[PDB]
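Two forms of a single protein chain come next, each set out by itself as structure tokens; they are called structure 1 and structure 2.
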Structure 1
């Protein structure tokens, strides 16, 4: 990859960064200057001679906080996964570093850094130097050329805004690509297991969306351009050998979760009972949102959890009547009752949801599948996923994680059957240590991703 560990030296003239391993005779230095707070590109000969060299996993970017510019650094990482040679890292220790030995900063500036520190502490960020975690495996397959920041998915490139200065240089200087490492917000982990003497690698990744262009804003809902702002993809990955053949198969199965795509014009008042006005806007914005979702994922199966007995929500009924109004035959809507007691009667109901999705056209054979060679390059695309099940951000993360986990189990079985790791109509979950690894993997994910709010009432 172009990207890799970095070293820096800081002195009275500011901070100077370069790649820890310099390939070629041409290596770039990034300098954050104390003189004018500007970011500059320098020649190798201008890297400081004197000083403590500091090693860091990544320069995540810079931010201008009132008067001073600060470097945002991932100091250390831990490996949390490894898949087809690619290593996935979580950021462990970070720092926010200024050029000022001791500056007196005003209140407003100190408050900004507090708010950024709160976010860096509360979030879990992941990256891989050789694999682009902001894209699904199926999108990465379409990109091709392995990198770089230029083909990252901008919805999930969490440090997109922090890299603006570096991106502007990299447009006319491709050496700067080595400093631009896209990071995702949510979760990325793999586990090794064995199923019927086939070694396997199971992975799960959630990437959370970083919102959002436009002259005005609001988290909940969709803008006029069809973006929703709060949006996650959760992706289950598998790598396995075919027993006879010894061909290496790689699978991905993607799901989405996001705000109800109703226009962000919402009466967030105290008194009294609010009902939406869904003028031409809620039809228009929903249509535009679904046009993008269709281009990205194919057919969309929208799962809306009821969980009411005469307790009626404005945004609930609005979603359905809007979906019903557009009558798009590639958009399929389900309002599903998913109640307690939640360790028997709940999960029964999730298998019933899946039966109903199947009746609407969802197939458990609908997943990305490729064969790769002993060097890890693609030999064959056996299948591409052309649908997605979309759950709502507003339903309990507890319930939707259950829906997502169960659906991914149902698809996994077909993946296992397709590479002949299990017999047709067997149950992979009868393998106790494997189901344990699978269950921990998804419980960890829910832990990680719950980091949007602690609620509700």
Structure 2
């Protein structure tokens, strides 16, 4: 994948990779997307350089183009760079005085949807899946291999998908984009250079829907990198924690399919709710009882201990070790259990529980790499703690 530039012409718009060469022409005659060579690329005309192309959307008789003007660096991890879409742009082949009044409403609502929305992506990395799932996939494939649930621009690239099934040059054009959060933080604990990071993706689909989807499914991943000159190796962690609705209307078959998918993708599932008898599926309930904030944190700790008593371990995460170049040395551990959080009223509670859980696992991630001592509390370090808190705070700011 790479940057894309284009030329605006009356007959149609001509896209082309910024770096043989494939040209993506959206003609104005039939509003259809077709592939042309570099010779078709206009010698003169306005050359617009953009970050990435989201795809095309067709309403009524007109097909519009969704393009990202510019992006800002939001995260860097093992060379892979995360980008946030600052400015969005919708472009049509027809002039504003030629656009139908009915379609203007649709463009208005769409533009409204694009506002107050944070999109993230990366050229050399597919964030659509977890690092665990990304590791199970070869380094060659990119567009072909992406989570069906978190590939936000799936519909917009349907034509592009169809043209990519035949032409491999189209694969470089299409770029995975996720809705949620994605950022990294540089820090240091016990004289060890460390790079924390967090991702959060919202599902496309959608109680339990008849298809099996539960709706509001937000996969929140917590990744980490640790370089220690004492061990001559680079450690990479990838804790995972999803959330969303919970089956309680809800079909038996739909519940079965849902649970089968959840157990096939995430293995063990701990479902916590806030106010069949499947062995690999546990139901947890929790009430804050309107205590003080400190007492609430304490209650969260107690809930964590309860989950620990249920069989959940703080050692169950994705641990791997790579080489100086980036290639993995060996696979240490895989995560076979997730904790799904479901809440009533304010959604902030979910983010809170996910935060405290993620730190409770984070301590063990630290212990596993000999960064901290056994039984030691990582939370004693103020800068790392406030960096963590800032990260989760901004995550909460993005989710809402």
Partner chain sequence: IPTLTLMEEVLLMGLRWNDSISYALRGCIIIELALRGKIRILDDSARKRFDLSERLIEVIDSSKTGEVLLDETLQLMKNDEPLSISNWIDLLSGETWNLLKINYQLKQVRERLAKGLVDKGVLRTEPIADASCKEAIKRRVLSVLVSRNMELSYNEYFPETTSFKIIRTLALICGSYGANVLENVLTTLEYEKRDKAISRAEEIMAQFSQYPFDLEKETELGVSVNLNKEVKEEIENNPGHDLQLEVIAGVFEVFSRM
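Definition used throughout: the rigid core is the maximal C-alpha set that superposes within 1.5 Å between two forms. Numbering follows the first chain given and starts at 1.
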Seminar exercise, completed: In this pair the form deposited without the partner chain turns out to be structure 1
Problem set entry | Core-fitted Cα difference of 2 Å or more between structures 1 and 2, single residue among 100, 386, 294, 340 | 340
For this session: Using a rigid core alignment, state whether the CA of residue 147 is displaced by 2 Å or more between structures 1 and 2.
Result: yes
Problem set entry | Rigid core superposed: residue 417 CA moves 2 Å or more between structures 1 and 2 | no
For this session: Once the core is aligned, please say if the CA of residue 42 is shifted by at least 2 angstroms between structures 1 and 2.
Result: no
Seminar exercise, completed: After superposing on the rigid core, the Cα of residue 11 moves between structures 1 and 2 by an amount in angstrom of 1.2
Exercise. In Å, how large is the C-alpha displacement of residue 167 between structures 1 and 2 after the rigid core is aligned?
Worked result: 0.5
Problem set entry | Cα shift between structures 1 and 2 at residue 395, which is computed once both forms share a superposed rigid core (Å) | 5.3
